[PDB]
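Take a look at this single chain in structure tokens; it is the form deposited in one PDB entry.
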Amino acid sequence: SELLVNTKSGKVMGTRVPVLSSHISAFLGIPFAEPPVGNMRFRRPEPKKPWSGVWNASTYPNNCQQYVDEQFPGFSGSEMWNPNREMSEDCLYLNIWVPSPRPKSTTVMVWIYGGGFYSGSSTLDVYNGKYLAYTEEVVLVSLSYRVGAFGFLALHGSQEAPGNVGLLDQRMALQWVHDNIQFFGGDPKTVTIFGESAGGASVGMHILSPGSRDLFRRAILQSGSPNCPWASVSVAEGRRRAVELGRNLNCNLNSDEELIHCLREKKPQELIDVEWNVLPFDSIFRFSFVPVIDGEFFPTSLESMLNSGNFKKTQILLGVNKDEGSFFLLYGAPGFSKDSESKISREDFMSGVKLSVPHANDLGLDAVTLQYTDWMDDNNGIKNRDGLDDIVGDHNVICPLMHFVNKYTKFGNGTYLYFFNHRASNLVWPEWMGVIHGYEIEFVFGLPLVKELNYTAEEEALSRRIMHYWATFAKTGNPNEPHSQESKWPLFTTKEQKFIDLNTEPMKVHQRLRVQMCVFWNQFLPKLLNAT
């Protein structure tokens, strides 16, 4: 039977699903690691012991234990991201979408969801790989990993909570796709991993980490990269937050065993209730428990790794959204409202800069404000709002990614950069937000193709274009069709630095994506803060 597959871990019974008035196979909820519950909390994942009989993989699995957003109850805008399944500490499962008929050895794509390393589920509606699998004819895999404290608590030096266990989770899933995707019709020697936000950062982290390099062929990073100021911390800070977390739940802090044991006896929702209290600064776009440069998963510092060419040299396709920042200002910077034009005053603009660059001294706060203020119109509410919006995006997503792409391209075998600047027609968020963080995803998974979702004809045209770029890239290492008559997406090169816009308009190539600011954030500000 087409729905029965025999993996090295046991047999699995998938289910047939409808898509665009046709059908494909779907094996949902396949396990890849032993349940990380009980004494296994904070501990590295262990391979799932084989099983007898047929594993029923026809329904989604549970979602990892996480923080849930309730800033806008009912609002589909924010809930389409909350977990749609029962949260449980038993979350390590993966989902496979296979074409019909089953391929012999087709291309594989592994999606690592994002969420600031503190949330995220594979089961979300927006991450439904059937449209993509079907339209491009590729095996679509969707893995999950532990987030928040459960996956990133780090007491370096111990084996009870080494840290990065959440990244190991992802690696585990990739190991399984490597040892078994062949039985689903996929070619293990051609797996493309791709992610968004924290997922884009994770993808970049497997490219740097020696122990993950051999497990994939290409990569696609979206709106995120390993060297983002929010994507990692030092063992020292990781330790500081580990303790503080414990201090909030009143735990014995005499030794790590002392602490770790107390944390394992707590209910999942208790660590989550105090999780946000451990941040060092009043900030925006910063998360509690994240990956830590431990010396294991990451040999040395990330910067020196990028400078020494110590990383998987392959091809990569990456890009950013026009308005990455807006989403965080809404939730945290004073002055922004989901229901107003949110024009920001001088007072609020500056409180904004203080919240955005939390580690900068007073001299730096001035350097940032000077670089982002049109003194010929300093009290223009719309200008201060878009400027604040820009600071958040440039510092957190756009300028850190350009540093990566430029360092990478110097040792890589092909780079393709994009700039998604199209706001969907059916967005429910205000206009002042614009091309919001994460909304390029719906085009990658092709939700525009399903009529009932209400997308313009040109938008659906854009979705197919993008799916064909991603899919063609995953297969060939080049987003372009061999002998096509369509516009060629130029290659990014240290010299030229070309890139393209991605919207419903005639492809336009450009150069040096936001260099003016990328120099301020990657060269000057770092230097300024060091000398002062």
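The numbering used is simple: start at 1 and walk along the sequence shown.
This protein has a second form, the form deposited with a small molecule bound, left out of what is shown; the following refers to that one.
Not displayed here, the small molecule is kept clear of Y93 by more than 4.5 Å at the level of heavy atoms in the bound PDB entry. Using a 4.5 angstroms limit between non-hydrogen atoms, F327 touches the small molecule in the bound PDB entry. The closest non-hydrogen atom of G115 lies within 4.5 Å of the small molecule in the bound PDB entry.
Interface membership of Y67, defined by any non-hydrogen atom within 4.5 Å of the small molecule in the bound PDB entry, is confirmed. Judged against the small molecule in the bound PDB entry with a 4.5 angstroms heavy atom cut-off, the residues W81, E196 and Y331 are in contact without exception. Between the options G387, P103, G335, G438, the residue in contact with the small molecule in the bound PDB entry by a heavy atom within 4.5 angstroms is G438.
The stretch among 171-179, 417-425, 299-307, 430-438 whose residues place heavy atoms within 4.5 Å of the small molecule in the bound PDB entry is 430-438.
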